[PDB]
Each structure stands twice: as structure tokens, then as C-alpha cells.
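J.: Below is the file start.tsv, with TSV, N, CA and C atoms.
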```tsv
chain	number	residue	atom	x	y	z
A	1	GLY	N	119.48	-162.72	-141.59
A	1	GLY	CA	119.68	-163.18	-140.19
A	1	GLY	C	120.78	-162.36	-139.52
A	2	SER	N	120.56	-161.07	-139.43
A	2	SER	CA	121.59	-160.21	-138.79
A	2	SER	C	121.14	-158.75	-138.77
A	3	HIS	N	119.91	-158.53	-139.16
A	3	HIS	CA	119.38	-157.14	-139.18
A	3	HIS	C	117.99	-157.08	-138.54
A	4	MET	N	117.98	-157.05	-137.23
A	4	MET	CA	116.68	-156.99	-136.51
A	4	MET	C	116.30	-155.57	-136.07
A	5	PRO	N	117.30	-154.73	-135.80
A	5	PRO	CA	117.04	-153.36	-135.38
A	5	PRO	C	116.45	-152.53	-136.51
A	6	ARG	N	116.36	-151.24	-136.29
A	6	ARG	CA	115.80	-150.36	-137.35
A	6	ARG	C	116.90	-149.85	-138.28
A	7	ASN	N	116.71	-148.67	-138.80
A	7	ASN	CA	117.73	-148.09	-139.71
A	7	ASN	C	117.88	-146.59	-139.49
A	8	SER	N	116.89	-146.01	-138.87
A	8	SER	CA	116.96	-144.55	-138.61
A	8	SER	C	117.86	-144.25	-137.42
A	9	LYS	N	118.85	-145.08	-137.23
A	9	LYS	CA	119.77	-144.87	-136.09
A	9	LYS	C	120.97	-144.03	-136.52
A	10	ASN	N	121.22	-143.99	-137.80
A	10	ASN	CA	122.37	-143.21	-138.30
A	10	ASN	C	122.10	-141.71	-138.18
A	11	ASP	N	120.95	-141.30	-138.63
A	11	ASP	CA	120.61	-139.86	-138.55
A	11	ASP	C	120.54	-139.39	-137.10
A	12	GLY	N	119.75	-140.07	-136.31
A	12	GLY	CA	119.63	-139.67	-134.88
A	12	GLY	C	119.30	-138.19	-134.80
A	13	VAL	N	118.19	-137.83	-135.37
A	13	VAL	CA	117.78	-136.41	-135.36
A	13	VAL	C	116.81	-136.12	-134.24
A	14	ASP	N	117.00	-134.99	-133.62
A	14	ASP	CA	116.10	-134.61	-132.53
A	14	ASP	C	114.95	-133.88	-133.15
A	15	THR	N	113.77	-134.13	-132.68
A	15	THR	CA	112.62	-133.43	-133.28
A	15	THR	C	111.55	-133.09	-132.26
A	16	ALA	N	111.69	-131.93	-131.69
A	16	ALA	CA	110.71	-131.47	-130.68
A	16	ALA	C	110.36	-130.01	-130.93
A	17	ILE	N	109.36	-129.79	-131.76
A	17	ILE	CA	108.96	-128.40	-132.06
A	17	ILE	C	107.51	-128.35	-132.53
A	18	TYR	N	107.33	-128.43	-133.81
A	18	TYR	CA	105.98	-128.39	-134.39
A	18	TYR	C	105.39	-129.79	-134.43
A	19	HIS	N	106.23	-130.73	-134.08
A	19	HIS	CA	105.85	-132.18	-134.05
A	19	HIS	C	104.42	-132.43	-133.50
A	20	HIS	N	103.80	-131.39	-133.02
A	20	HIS	CA	102.42	-131.52	-132.46
A	20	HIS	C	101.56	-132.63	-133.13
A	21	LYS	N	101.11	-132.41	-134.35
A	21	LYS	CA	100.27	-133.47	-135.02
A	21	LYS	C	101.08	-134.38	-135.95
A	22	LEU	N	101.46	-133.84	-137.08
A	22	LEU	CA	102.26	-134.64	-138.06
A	22	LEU	C	103.40	-133.82	-138.59
A	23	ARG	N	103.48	-132.62	-138.11
A	23	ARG	CA	104.56	-131.75	-138.56
A	23	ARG	C	105.87	-132.41	-138.24
A	24	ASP	N	105.81	-133.39	-137.37
A	24	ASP	CA	107.04	-134.10	-136.99
A	24	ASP	C	107.50	-134.89	-138.18
A	25	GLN	N	106.54	-135.49	-138.83
A	25	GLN	CA	106.83	-136.30	-140.02
A	25	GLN	C	107.38	-135.42	-141.10
A	26	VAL	N	106.91	-134.22	-141.12
A	26	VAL	CA	107.38	-133.29	-142.13
A	26	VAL	C	108.79	-132.85	-141.81
A	27	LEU	N	108.96	-132.31	-140.64
A	27	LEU	CA	110.31	-131.86	-140.26
A	27	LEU	C	111.26	-133.06	-140.20
A	28	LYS	N	110.69	-134.24	-140.20
A	28	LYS	CA	111.55	-135.45	-140.15
A	28	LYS	C	112.01	-135.83	-141.54
A	29	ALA	N	111.08	-135.95	-142.44
A	29	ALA	CA	111.47	-136.31	-143.82
A	29	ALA	C	112.29	-135.20	-144.45
A	30	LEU	N	112.03	-133.99	-144.03
A	30	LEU	CA	112.78	-132.85	-144.60
A	30	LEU	C	114.18	-132.80	-144.03
A	31	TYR	N	114.28	-133.10	-142.78
A	31	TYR	CA	115.60	-133.07	-142.15
A	31	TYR	C	116.44	-134.32	-142.45
A	32	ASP	N	115.88	-135.45	-142.18
A	32	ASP	CA	116.62	-136.72	-142.43
A	32	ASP	C	116.97	-136.94	-143.89
A	33	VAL	N	116.19	-136.39	-144.78
A	33	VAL	CA	116.52	-136.59	-146.21
A	33	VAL	C	117.58	-135.63	-146.67
A	34	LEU	N	117.45	-134.39	-146.29
A	34	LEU	CA	118.47	-133.41	-146.72
A	34	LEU	C	119.70	-133.46	-145.82
A	35	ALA	N	119.55	-134.03	-144.66
A	35	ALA	CA	120.71	-134.12	-143.74
A	35	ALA	C	121.65	-135.25	-144.14
A	36	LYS	N	121.20	-136.45	-143.94
A	36	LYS	CA	122.05	-137.62	-144.29
A	36	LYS	C	122.72	-137.43	-145.64
A	37	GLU	N	122.01	-136.83	-146.55
A	37	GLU	CA	122.59	-136.61	-147.89
A	37	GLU	C	124.01	-136.08	-147.80
A	38	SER	N	124.14	-134.87	-147.37
A	38	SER	CA	125.49	-134.27	-147.25
A	38	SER	C	125.52	-133.24	-146.13
A	39	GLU	N	126.54	-133.31	-145.32
A	39	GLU	CA	126.66	-132.36	-144.19
A	39	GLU	C	127.54	-131.16	-144.54
A	40	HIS	N	128.23	-131.22	-145.66
A	40	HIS	CA	129.11	-130.07	-146.03
A	40	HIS	C	128.41	-129.06	-146.96
A	41	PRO	N	127.64	-129.58	-147.89
A	41	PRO	CA	126.91	-128.74	-148.84
A	41	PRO	C	125.37	-128.57	-148.56
A	42	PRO	N	124.92	-128.67	-147.30
A	42	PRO	CA	123.49	-128.52	-147.02
A	42	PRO	C	122.97	-127.15	-147.45
A	43	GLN	N	121.85	-127.15	-148.11
A	43	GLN	CA	121.26	-125.86	-148.57
A	43	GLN	C	120.71	-125.06	-147.40
A	44	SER	N	120.69	-125.71	-146.23
A	44	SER	CA	120.17	-125.08	-144.94
A	44	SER	C	118.97	-125.85	-144.47
A	45	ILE	N	119.17	-127.13	-144.28
A	45	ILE	CA	118.06	-127.99	-143.81
A	45	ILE	C	117.22	-127.29	-142.78
A	46	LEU	N	117.86	-126.82	-141.76
A	46	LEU	CA	117.10	-126.13	-140.70
A	46	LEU	C	116.26	-125.01	-141.29
A	47	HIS	N	116.90	-124.13	-142.00
A	47	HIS	CA	116.17	-122.99	-142.62
A	47	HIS	C	115.32	-123.43	-143.80
A	48	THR	N	115.50	-124.64	-144.24
A	48	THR	CA	114.70	-125.11	-145.39
A	48	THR	C	113.41	-125.75	-144.92
A	49	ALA	N	113.54	-126.79	-144.16
A	49	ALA	CA	112.34	-127.48	-143.66
A	49	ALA	C	111.51	-126.56	-142.77
A	50	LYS	N	112.14	-125.54	-142.22
A	50	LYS	CA	111.36	-124.62	-141.34
A	50	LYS	C	110.52	-123.63	-142.14
A	51	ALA	N	110.97	-123.30	-143.32
A	51	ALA	CA	110.19	-122.33	-144.14
A	51	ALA	C	109.25	-123.04	-145.13
A	52	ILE	N	109.42	-124.32	-145.29
A	52	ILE	CA	108.54	-125.06	-146.25
A	52	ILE	C	107.35	-125.71	-145.53
A	53	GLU	N	107.64	-126.41	-144.47
A	53	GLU	CA	106.56	-127.08	-143.71
A	53	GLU	C	105.40	-126.12	-143.38
A	54	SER	N	105.57	-124.86	-143.65
A	54	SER	CA	104.47	-123.89	-143.34
A	54	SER	C	103.49	-123.70	-144.51
A	55	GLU	N	103.88	-124.13	-145.69
A	55	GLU	CA	102.97	-123.96	-146.87
A	55	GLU	C	102.14	-125.20	-147.14
A	56	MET	N	102.78	-126.26	-147.51
A	56	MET	CA	102.04	-127.51	-147.80
A	56	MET	C	101.16	-127.90	-146.62
A	57	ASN	N	101.43	-127.31	-145.48
A	57	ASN	CA	100.62	-127.64	-144.27
A	57	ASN	C	99.50	-126.62	-143.99
A	58	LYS	N	99.48	-125.52	-144.74
A	58	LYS	CA	98.40	-124.48	-144.51
A	58	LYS	C	97.13	-125.17	-144.06
A	59	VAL	N	96.49	-125.84	-144.96
A	59	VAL	CA	95.25	-126.55	-144.58
A	59	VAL	C	94.94	-127.60	-145.63
A	60	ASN	N	95.66	-128.68	-145.52
A	60	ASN	CA	95.47	-129.80	-146.46
A	60	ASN	C	96.08	-131.04	-145.84
A	61	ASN	N	96.79	-130.80	-144.78
A	61	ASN	CA	97.46	-131.89	-144.06
A	61	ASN	C	96.61	-133.09	-143.65
A	62	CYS	N	95.88	-132.96	-142.57
A	62	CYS	CA	95.04	-134.11	-142.12
A	62	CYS	C	93.53	-134.00	-142.41
A	63	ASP	N	92.94	-132.89	-142.04
A	63	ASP	CA	91.48	-132.73	-142.29
A	63	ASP	C	91.17	-132.23	-143.67
A	64	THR	N	91.72	-132.89	-144.63
A	64	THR	CA	91.48	-132.48	-146.02
A	64	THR	C	91.62	-133.67	-146.94
A	65	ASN	N	92.83	-134.05	-147.16
A	65	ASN	CA	93.09	-135.20	-148.03
A	65	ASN	C	94.34	-135.90	-147.55
A	66	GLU	N	94.27	-136.45	-146.37
A	66	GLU	CA	95.45	-137.16	-145.82
A	66	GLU	C	96.08	-138.00	-146.89
A	67	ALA	N	95.28	-138.34	-147.85
A	67	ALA	CA	95.76	-139.16	-148.95
A	67	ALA	C	96.65	-138.31	-149.85
A	68	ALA	N	96.17	-137.15	-150.15
A	68	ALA	CA	96.94	-136.24	-151.02
A	68	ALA	C	98.08	-135.61	-150.24
A	69	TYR	N	97.80	-135.13	-149.05
A	69	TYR	CA	98.87	-134.50	-148.25
A	69	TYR	C	100.12	-135.37	-148.29
A	70	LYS	N	99.94	-136.64	-147.99
A	70	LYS	CA	101.09	-137.57	-148.00
A	70	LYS	C	101.74	-137.62	-149.37
A	71	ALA	N	101.00	-138.08	-150.34
A	71	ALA	CA	101.56	-138.15	-151.71
A	71	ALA	C	102.21	-136.84	-152.10
A	72	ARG	N	101.42	-135.81	-152.16
A	72	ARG	CA	101.96	-134.48	-152.53
A	72	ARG	C	103.30	-134.22	-151.85
A	73	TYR	N	103.25	-134.02	-150.58
A	73	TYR	CA	104.50	-133.76	-149.84
A	73	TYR	C	105.56	-134.81	-150.14
A	74	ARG	N	105.35	-135.99	-149.64
A	74	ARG	CA	106.33	-137.09	-149.87
A	74	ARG	C	106.84	-137.18	-151.32
A	75	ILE	N	105.95	-137.44	-152.24
A	75	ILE	CA	106.38	-137.54	-153.67
A	75	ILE	C	106.99	-136.25	-154.20
A	76	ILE	N	106.16	-135.28	-154.38
A	76	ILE	CA	106.65	-133.98	-154.89
A	76	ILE	C	107.74	-133.37	-154.01
A	77	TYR	N	107.96	-133.96	-152.86
A	77	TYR	CA	109.02	-133.41	-151.94
A	77	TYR	C	110.23	-132.93	-152.74
A	78	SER	N	110.44	-133.53	-153.87
A	78	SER	CA	111.60	-133.11	-154.70
A	78	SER	C	111.40	-131.69	-155.19
A	79	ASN	N	110.24	-131.44	-155.72
A	79	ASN	CA	109.96	-130.08	-156.22
A	79	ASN	C	109.78	-129.12	-155.06
A	80	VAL	N	109.53	-129.66	-153.90
A	80	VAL	CA	109.34	-128.79	-152.72
A	80	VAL	C	110.67	-128.18	-152.33
A	81	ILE	N	111.70	-128.98	-152.37
A	81	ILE	CA	113.02	-128.46	-152.01
A	81	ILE	C	113.49	-127.49	-153.07
A	82	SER	N	112.79	-127.49	-154.17
A	82	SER	CA	113.15	-126.58	-155.28
A	82	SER	C	112.35	-125.28	-155.23
A	83	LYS	N	111.05	-125.39	-155.39
A	83	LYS	CA	110.19	-124.17	-155.36
A	83	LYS	C	108.99	-124.33	-154.41
A	84	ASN	N	107.90	-124.86	-154.90
A	84	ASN	CA	106.72	-125.03	-154.00
A	84	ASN	C	105.74	-126.08	-154.53
A	85	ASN	N	104.51	-126.00	-154.07
A	85	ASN	CA	103.48	-126.98	-154.52
A	85	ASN	C	102.58	-126.40	-155.63
A	86	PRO	N	102.59	-127.02	-156.81
A	86	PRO	CA	101.77	-126.54	-157.92
A	86	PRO	C	100.30	-126.79	-157.64
A	87	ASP	N	99.97	-126.83	-156.38
A	87	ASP	CA	98.56	-127.06	-156.00
A	87	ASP	C	98.10	-128.42	-156.54
A	88	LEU	N	98.71	-129.44	-156.01
A	88	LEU	CA	98.37	-130.84	-156.44
A	88	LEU	C	96.89	-130.99	-156.80
A	89	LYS	N	96.03	-130.25	-156.14
A	89	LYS	CA	94.57	-130.37	-156.45
A	89	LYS	C	94.07	-129.30	-157.44
A	90	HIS	N	94.60	-128.11	-157.35
A	90	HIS	CA	94.13	-127.05	-158.30
A	90	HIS	C	94.87	-127.12	-159.64
A	91	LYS	N	95.89	-127.94	-159.70
A	91	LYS	CA	96.64	-128.05	-160.97
A	91	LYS	C	95.70	-128.11	-162.15
A	92	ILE	N	94.79	-129.04	-162.12
A	92	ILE	CA	93.83	-129.16	-163.24
A	92	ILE	C	93.06	-127.86	-163.42
A	93	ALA	N	92.89	-127.14	-162.35
A	93	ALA	CA	92.16	-125.86	-162.44
A	93	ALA	C	92.89	-124.89	-163.35
A	94	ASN	N	94.18	-124.77	-163.17
A	94	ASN	CA	94.95	-123.83	-164.03
A	94	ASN	C	96.42	-124.24	-164.11
A	95	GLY	N	96.66	-125.45	-164.55
A	95	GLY	CA	98.07	-125.93	-164.65
A	95	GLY	C	98.59	-125.72	-166.08
A	96	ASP	N	97.71	-125.38	-166.97
A	96	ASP	CA	98.14	-125.16	-168.37
A	96	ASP	C	99.14	-124.02	-168.47
A	97	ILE	N	99.03	-123.08	-167.56
A	97	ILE	CA	99.97	-121.92	-167.58
A	97	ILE	C	100.97	-122.00	-166.42
A	98	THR	N	101.71	-120.95	-166.27
A	98	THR	CA	102.76	-120.83	-165.20
A	98	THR	C	102.37	-119.98	-163.92
A	99	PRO	N	101.08	-119.51	-163.75
A	99	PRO	CA	100.71	-118.70	-162.59
A	99	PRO	C	101.87	-118.05	-161.85
A	100	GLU	N	102.86	-117.68	-162.62
A	100	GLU	CA	104.04	-117.02	-162.06
A	100	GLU	C	103.84	-115.55	-162.30
A	101	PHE	N	103.07	-115.29	-163.33
A	101	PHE	CA	102.76	-113.91	-163.73
A	101	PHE	C	101.55	-113.40	-162.96
A	102	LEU	N	100.42	-113.96	-163.29
A	102	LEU	CA	99.17	-113.56	-162.62
A	102	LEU	C	99.30	-113.65	-161.11
A	103	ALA	N	100.40	-114.22	-160.66
A	103	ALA	CA	100.62	-114.35	-159.19
A	103	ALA	C	100.12	-113.11	-158.45
A	104	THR	N	100.38	-111.97	-159.02
A	104	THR	CA	99.94	-110.71	-158.38
A	104	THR	C	99.67	-109.65	-159.44
A	105	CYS	N	100.16	-109.89	-160.62
A	105	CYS	CA	99.95	-108.91	-161.72
A	105	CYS	C	98.47	-108.55	-161.86
A	106	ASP	N	97.61	-109.50	-161.64
A	106	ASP	CA	96.16	-109.22	-161.76
A	106	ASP	C	95.56	-108.83	-160.42
A	107	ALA	N	95.76	-109.66	-159.44
A	107	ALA	CA	95.20	-109.35	-158.11
A	107	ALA	C	95.76	-108.04	-157.58
A	108	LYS	N	96.74	-107.53	-158.26
A	108	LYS	CA	97.33	-106.25	-157.81
A	108	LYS	C	96.36	-105.12	-158.12
A	109	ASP	N	95.51	-105.34	-159.08
A	109	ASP	CA	94.55	-104.28	-159.43
A	109	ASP	C	93.75	-103.99	-158.20
A	110	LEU	N	93.45	-105.04	-157.50
A	110	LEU	CA	92.67	-104.90	-156.28
A	110	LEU	C	93.08	-106.00	-155.33
A	111	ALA	N	94.15	-105.77	-154.62
A	111	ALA	CA	94.62	-106.79	-153.66
A	111	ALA	C	93.83	-106.73	-152.34
A	112	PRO	N	93.70	-105.54	-151.78
A	112	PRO	CA	92.97	-105.37	-150.52
A	112	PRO	C	91.50	-105.76	-150.68
A	113	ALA	N	90.66	-105.15	-149.89
A	113	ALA	CA	89.21	-105.47	-149.98
A	113	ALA	C	88.36	-104.47	-149.18
A	114	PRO	N	88.00	-103.37	-149.82
A	114	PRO	CA	87.20	-102.33	-149.18
A	114	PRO	C	85.79	-102.84	-148.85
```
Could you spell out this file's structure in C-alpha cells?

T.:
Amino acid sequence: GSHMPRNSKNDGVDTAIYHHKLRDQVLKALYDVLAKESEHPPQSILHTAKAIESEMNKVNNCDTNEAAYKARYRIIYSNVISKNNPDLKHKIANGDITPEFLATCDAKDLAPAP
């Protein structure tokens, strides 16, 4: 009996950019989570959420698996701030290895396309 308002009043983050469809939610969870955390040791929230929201959003966001997009991003968000997305869906396809090598070692034989 004393908490009727919301809670996102502490962060008070401005968000007017890619917010077009749901990128707002992305730049929001990325900013509000890494921001409120610490303002002295930020890894570069601005430069972080700006360079990440471009991958997990390639084409899986809404017209794909809104179910997975959310889980993947939201849940794995931890690994997102670290490296990237292990292809939440292709994982089973080739998660047994580290695709850190074949990343280009093989496609380098023929990267272009005559």
C-alpha cells in the first residue's frame, strides 16, 4: 500500500532512434541494464547496444520467431554482452564444435561468387 507508480523512473533513458519496430526494446534492455548497473565502469553502453542490436536483429526479430527472438536476446543477453549469438536455432545444426575456426578458414577457399 505505497507503490502504485512504475519503477523505470530511475533510469529515465531517452530512446528515439531505431525504436521504429522493437529495436526500442532492444536498445532499452541493453541500455537500462548496462546503465543502471554502473556509471563509472560502463563497457560503453552506447557503443555496445549500438553494435549488437544489429546482429540478433538481422532477420529473426518479429517475422521469424518472435518467440525465439525474445528468449534468445533477453535470456542469452548475458552472452550477448560478451560475444554473440550461437545461433539459438542453428546450434543443433553445428553446436558440437566452436565455428570459430571454420568461420572463414573454409569459406576463404571461395568467399566471393563468380

J.: Could you pull out every residue with an atom within 8 Å of (115.9, -134.9, -136.5), file coordinates, counting only C-alpha atoms, and send them as a PDB file with N, CA and C atoms, in the coordinates of the input?

T.:
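Result file follows (result_25.pdb):
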```pdb
ATOM      1  N   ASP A  11     120.950-141.300-138.630  1.00  0.00           N
ATOM      2  CA  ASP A  11     120.610-139.860-138.550  1.00  0.00           C
ATOM      3  C   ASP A  11     120.540-139.390-137.100  1.00  0.00           C
ATOM      4  N   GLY A  12     119.750-140.070-136.310  1.00  0.00           N
ATOM      5  CA  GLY A  12     119.630-139.670-134.880  1.00  0.00           C
ATOM      6  C   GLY A  12     119.300-138.190-134.800  1.00  0.00           C
ATOM      7  N   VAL A  13     118.190-137.830-135.370  1.00  0.00           N
ATOM      8  CA  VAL A  13     117.780-136.410-135.360  1.00  0.00           C
ATOM      9  C   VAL A  13     116.810-136.120-134.240  1.00  0.00           C
ATOM     10  N   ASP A  14     117.000-134.990-133.620  1.00  0.00           N
ATOM     11  CA  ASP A  14     116.100-134.610-132.530  1.00  0.00           C
ATOM     12  C   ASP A  14     114.950-133.880-133.150  1.00  0.00           C
ATOM     13  N   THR A  15     113.770-134.130-132.680  1.00  0.00           N
ATOM     14  CA  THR A  15     112.620-133.430-133.280  1.00  0.00           C
ATOM     15  C   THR A  15     111.550-133.090-132.260  1.00  0.00           C
ATOM     16  N   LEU A  27     108.960-132.310-140.640  1.00  0.00           N
ATOM     17  CA  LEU A  27     110.310-131.860-140.260  1.00  0.00           C
ATOM     18  C   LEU A  27     111.260-133.060-140.200  1.00  0.00           C
ATOM     19  N   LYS A  28     110.690-134.240-140.200  1.00  0.00           N
ATOM     20  CA  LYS A  28     111.550-135.450-140.150  1.00  0.00           C
ATOM     21  C   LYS A  28     112.010-135.830-141.540  1.00  0.00           C
ATOM     22  N   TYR A  31     114.280-133.100-142.780  1.00  0.00           N
ATOM     23  CA  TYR A  31     115.600-133.070-142.150  1.00  0.00           C
ATOM     24  C   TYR A  31     116.440-134.320-142.450  1.00  0.00           C
ATOM     25  N   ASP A  32     115.880-135.450-142.180  1.00  0.00           N
ATOM     26  CA  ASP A  32     116.620-136.720-142.430  1.00  0.00           C
ATOM     27  C   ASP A  32     116.970-136.940-143.890  1.00  0.00           C
TER      28      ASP A  32
END
```

J.: Could you tell me how far atom N of residue 77 in chain A sits from atom C of residue 38 in chain A, in Å to one decimal place?

T.: 18.8 Å

J.: Extract, using only C-alpha atoms, all DNA, RNA and protein residues at most 12 Å from residue 96 in chain A, discarding same-chain residues fewer than 5 positions from it, and format them as a PyMOL selection string.

T.: chain A and resi 86+90-91

J.: Go through chain A and collect every residue that DSSP, computed from the backbone, puts in alpha helix (DSSP H); the answer should be as a PyMOL selection string.

T.: chain A and resi 23-37+45-52+66-70+76-80+91-94+102-105

J.: Create the file for the chosen residues now, containing N, CA and C atoms and written as a compact mmCIF listing (two decimals), in the coordinates of the input.

T.:
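Listed below is the output, part17.txt:
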```
# COMPACT_ATOMS: atom_id res chain seq x y z
N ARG A 23 103.48 -132.62 -138.11
CA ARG A 23 104.56 -131.75 -138.56
C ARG A 23 105.87 -132.41 -138.24
N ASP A 24 105.81 -133.39 -137.37
CA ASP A 24 107.04 -134.10 -136.99
C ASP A 24 107.50 -134.89 -138.18
N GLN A 25 106.54 -135.49 -138.83
CA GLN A 25 106.83 -136.30 -140.02
C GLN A 25 107.38 -135.42 -141.10
N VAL A 26 106.91 -134.22 -141.12
CA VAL A 26 107.38 -133.29 -142.13
C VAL A 26 108.79 -132.85 -141.81
N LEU A 27 108.96 -132.31 -140.64
CA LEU A 27 110.31 -131.86 -140.26
C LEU A 27 111.26 -133.06 -140.20
N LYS A 28 110.69 -134.24 -140.20
CA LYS A 28 111.55 -135.45 -140.15
C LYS A 28 112.01 -135.83 -141.54
N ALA A 29 111.08 -135.95 -142.44
CA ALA A 29 111.47 -136.31 -143.82
C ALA A 29 112.29 -135.20 -144.45
N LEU A 30 112.03 -133.99 -144.03
CA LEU A 30 112.78 -132.85 -144.60
C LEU A 30 114.18 -132.80 -144.03
N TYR A 31 114.28 -133.10 -142.78
CA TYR A 31 115.60 -133.07 -142.15
C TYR A 31 116.44 -134.32 -142.45
N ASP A 32 115.88 -135.45 -142.18
CA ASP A 32 116.62 -136.72 -142.43
C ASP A 32 116.97 -136.94 -143.89
N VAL A 33 116.19 -136.39 -144.78
CA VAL A 33 116.52 -136.59 -146.21
C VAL A 33 117.58 -135.63 -146.67
N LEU A 34 117.45 -134.39 -146.29
CA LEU A 34 118.47 -133.41 -146.72
C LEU A 34 119.70 -133.46 -145.82
N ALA A 35 119.55 -134.03 -144.66
CA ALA A 35 120.71 -134.12 -143.74
C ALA A 35 121.65 -135.25 -144.14
N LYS A 36 121.20 -136.45 -143.94
CA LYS A 36 122.05 -137.62 -144.29
C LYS A 36 122.72 -137.43 -145.64
N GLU A 37 122.01 -136.83 -146.55
CA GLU A 37 122.59 -136.61 -147.89
C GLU A 37 124.01 -136.08 -147.80
N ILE A 45 119.17 -127.13 -144.28
CA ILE A 45 118.06 -127.99 -143.81
C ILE A 45 117.22 -127.29 -142.78
N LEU A 46 117.86 -126.82 -141.76
CA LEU A 46 117.10 -126.13 -140.70
C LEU A 46 116.26 -125.01 -141.29
N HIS A 47 116.90 -124.13 -142.00
CA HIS A 47 116.17 -122.99 -142.62
C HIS A 47 115.32 -123.43 -143.80
N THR A 48 115.50 -124.64 -144.24
CA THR A 48 114.70 -125.11 -145.39
C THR A 48 113.41 -125.75 -144.92
N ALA A 49 113.54 -126.79 -144.16
CA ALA A 49 112.34 -127.48 -143.66
C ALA A 49 111.51 -126.56 -142.77
N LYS A 50 112.14 -125.54 -142.22
CA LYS A 50 111.36 -124.62 -141.34
C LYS A 50 110.52 -123.63 -142.14
N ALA A 51 110.97 -123.30 -143.32
CA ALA A 51 110.19 -122.33 -144.14
C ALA A 51 109.25 -123.04 -145.13
N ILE A 52 109.42 -124.32 -145.29
CA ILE A 52 108.54 -125.06 -146.25
C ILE A 52 107.35 -125.71 -145.53
N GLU A 66 94.27 -136.45 -146.37
CA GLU A 66 95.45 -137.16 -145.82
C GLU A 66 96.08 -138.00 -146.89
N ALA A 67 95.28 -138.34 -147.85
CA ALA A 67 95.76 -139.16 -148.95
C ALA A 67 96.65 -138.31 -149.85
N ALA A 68 96.17 -137.15 -150.15
CA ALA A 68 96.94 -136.24 -151.02
C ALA A 68 98.08 -135.61 -150.24
N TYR A 69 97.80 -135.13 -149.05
CA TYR A 69 98.87 -134.50 -148.25
C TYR A 69 100.12 -135.37 -148.29
N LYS A 70 99.94 -136.64 -147.99
CA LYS A 70 101.09 -137.57 -148.00
C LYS A 70 101.74 -137.62 -149.37
N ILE A 76 106.16 -135.28 -154.38
CA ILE A 76 106.65 -133.98 -154.89
C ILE A 76 107.74 -133.37 -154.01
N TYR A 77 107.96 -133.96 -152.86
CA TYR A 77 109.02 -133.41 -151.94
C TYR A 77 110.23 -132.93 -152.74
N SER A 78 110.44 -133.53 -153.87
CA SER A 78 111.60 -133.11 -154.70
C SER A 78 111.40 -131.69 -155.19
N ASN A 79 110.24 -131.44 -155.72
CA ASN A 79 109.96 -130.08 -156.22
C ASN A 79 109.78 -129.12 -155.06
N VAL A 80 109.53 -129.66 -153.90
CA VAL A 80 109.34 -128.79 -152.72
C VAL A 80 110.67 -128.18 -152.33
N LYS A 91 95.89 -127.94 -159.70
CA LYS A 91 96.64 -128.05 -160.97
C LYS A 91 95.70 -128.11 -162.15
N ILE A 92 94.79 -129.04 -162.12
CA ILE A 92 93.83 -129.16 -163.24
C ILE A 92 93.06 -127.86 -163.42
N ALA A 93 92.89 -127.14 -162.35
CA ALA A 93 92.16 -125.86 -162.44
C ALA A 93 92.89 -124.89 -163.35
N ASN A 94 94.18 -124.77 -163.17
CA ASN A 94 94.95 -123.83 -164.03
C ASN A 94 96.42 -124.24 -164.11
N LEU A 102 100.42 -113.96 -163.29
CA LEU A 102 99.17 -113.56 -162.62
C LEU A 102 99.30 -113.65 -161.11
N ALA A 103 100.40 -114.22 -160.66
CA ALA A 103 100.62 -114.35 -159.19
C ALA A 103 100.12 -113.11 -158.45
N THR A 104 100.38 -111.97 -159.02
CA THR A 104 99.94 -110.71 -158.38
C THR A 104 99.67 -109.65 -159.44
N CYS A 105 100.16 -109.89 -160.62
CA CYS A 105 99.95 -108.91 -161.72
C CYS A 105 98.47 -108.55 -161.86
```

J.: In file coordinates, which residues lie within 7 Å of (109.6, -120.8, -151.2) using only N, CA and C atoms, given as a ChimeraX atom specification?

T.: /A:51-52,82-84

J.: Go through A:107, A:24, A:62, A:10 and flag the residue nearest residue 37 in chain A, using only C-alpha atoms for the distances.

T.: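 Among A:107, A:24, A:62, A:10, it is A:10 that comes nearest to residue 37 in chain A.
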
J.: Find, counting all atoms listed in the file, the residue in A:59, A:103, A:33, A:88 that gets nearest to residue 72 in chain A.

T.: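 Among the listed residues, A:88 lies closest to residue 72 in chain A.
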
J.: Can you measure CA of residue 69 in chain A to atom C of residue 57 in chain A for me? One decimal in Å is fine.

T.: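 Interatomic distance here is 9.0 Å.
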
J.: Could you work out how far CA of residue 21 in chain A lies from CA of residue 61 in chain A, giving the answer in Å with one decimal?

T.: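 Rounded to one decimal, the two atoms are 9.6 Å apart.
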